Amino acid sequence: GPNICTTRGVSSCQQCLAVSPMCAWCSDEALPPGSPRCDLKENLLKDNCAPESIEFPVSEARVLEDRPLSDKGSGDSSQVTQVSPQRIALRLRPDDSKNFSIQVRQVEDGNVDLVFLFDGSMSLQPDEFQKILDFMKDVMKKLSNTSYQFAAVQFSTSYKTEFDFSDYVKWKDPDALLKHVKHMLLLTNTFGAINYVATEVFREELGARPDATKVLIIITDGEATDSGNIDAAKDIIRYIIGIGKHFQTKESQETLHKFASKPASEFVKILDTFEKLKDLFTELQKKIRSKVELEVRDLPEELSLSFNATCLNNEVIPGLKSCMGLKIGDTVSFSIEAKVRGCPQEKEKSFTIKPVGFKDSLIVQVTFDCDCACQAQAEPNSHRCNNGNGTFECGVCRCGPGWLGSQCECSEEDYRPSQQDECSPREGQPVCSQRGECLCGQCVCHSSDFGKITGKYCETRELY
């Protein structure tokens, strides 16, 4: 029964491989030509393609490093393992896919680098401005003794770092860092302020931590007066907080979406008062370090990725990259299936899977199986191949220019042989008046020095 195998008329083992992860290739070389060479193992060794002449590579998943997840004792000595596993390897058939999983458990407070970017709008009464400060102060005083880090930037016409991470680290006095805040009282260059934060505030030189989560809390009082884009803030989690009379229209609220992360139902917050700032952050602080989101890094372009997530209570979520609502000690899982396209070239590739804001991350290495191991012992210009007119790799010939066939004997490109019997007019008659050979369901006429042989059946012989 012809399968997806065979039916392709494949002409080498690699093609045979490239058709499908199942299909297998024979190379007995002593096998009669009429037998197909690309089927499946338990159906191409019945036919006597001598066992072990068959090449049947299999994609496989091996686990390389497998840290256990860290129990509550979190003495950060040689770190805590918050991801298991974090390095595996994968060998792949042509366009194949194989399952594997990953577990996440937060064994730490959670490191965040938080930048307040607060408005200095001339629309602000001194009291309204003071509440924003007290808000920031109140946020930070609740977050003493945490893994938190704070920087704050006032912005108006200008952008000024009022104190950065390193300053918060060595002082830890929200009142003495912000006692210096003088009110800018100019317009609202939100685009510039955001770019300024993304490049100048989030600097390792200024106490910023690399792996720590990048969160931005933008507190504005009106629509931005500048233009542009916030491309550089791409990787910063951006909360935007519009306040006051200028966000009554649902229209005016939409302009804050460009600045804030997505979804905007989560990251855009509108208030009408300034008294709601106290009760605001209390509600927002919970979902900050609640959820884990998977970061995919240095990923190959030819790698299909489908997903499958387990979260709170054995819940099956197919394709989820983030289980939310979590608390320290809680474990989750993710089922991943990785498909590839074609057989690419480097055959060794490293890419990283990380949860956002973590040092630990699943780095998976991947090689690709594609070429049959029988491509060595290739024997170019093989005698079994019309003698030097083709290369006999793996029990089979594939040919040089012009020549074609089993061995490269059908030099004349004359379509597929179809029924062999084409070489003779009727059942009993021998093939082509016995002065030719039937090649690819066609007759090449015998060459003698006495006469030249013509005609579809080599019948006609003109001589000299």
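Throughout, we count residues from 1 along the sequence that is shown.
For the pair 391-399 and 413-421, the mean Cα B-factor is higher in 413-421. The PDB entry records a higher mean C-alpha B factor for 138-146 than for its counterpart among 138-146 and 235-243. Across 31, 439, 64, 404, the entry's maximum B-factor at the CA atom is seen for 404. Going by the entry's values, 317 shows the largest Cα B-factor out of 169, 83, 114, 317.
Among the modelled residues of its chain, residue 303 has a C-alpha B-factor that falls in the highest third, as given in the PDB entry. When the modelled residues of the chain are ordered by C-alpha B-factor, residue 312 sits in the highest third.
Sort the chain's modelled residues by C-alpha temperature factor and residue 453 lands in the middle third, per the entry. Sorting the modelled residues of the chain by their CA temperature factor places residue 126 in the middle third. Per the deposited record, the Cα B-factor of residue 118 falls in the lowest third when ranked against the other modelled residues of its chain.
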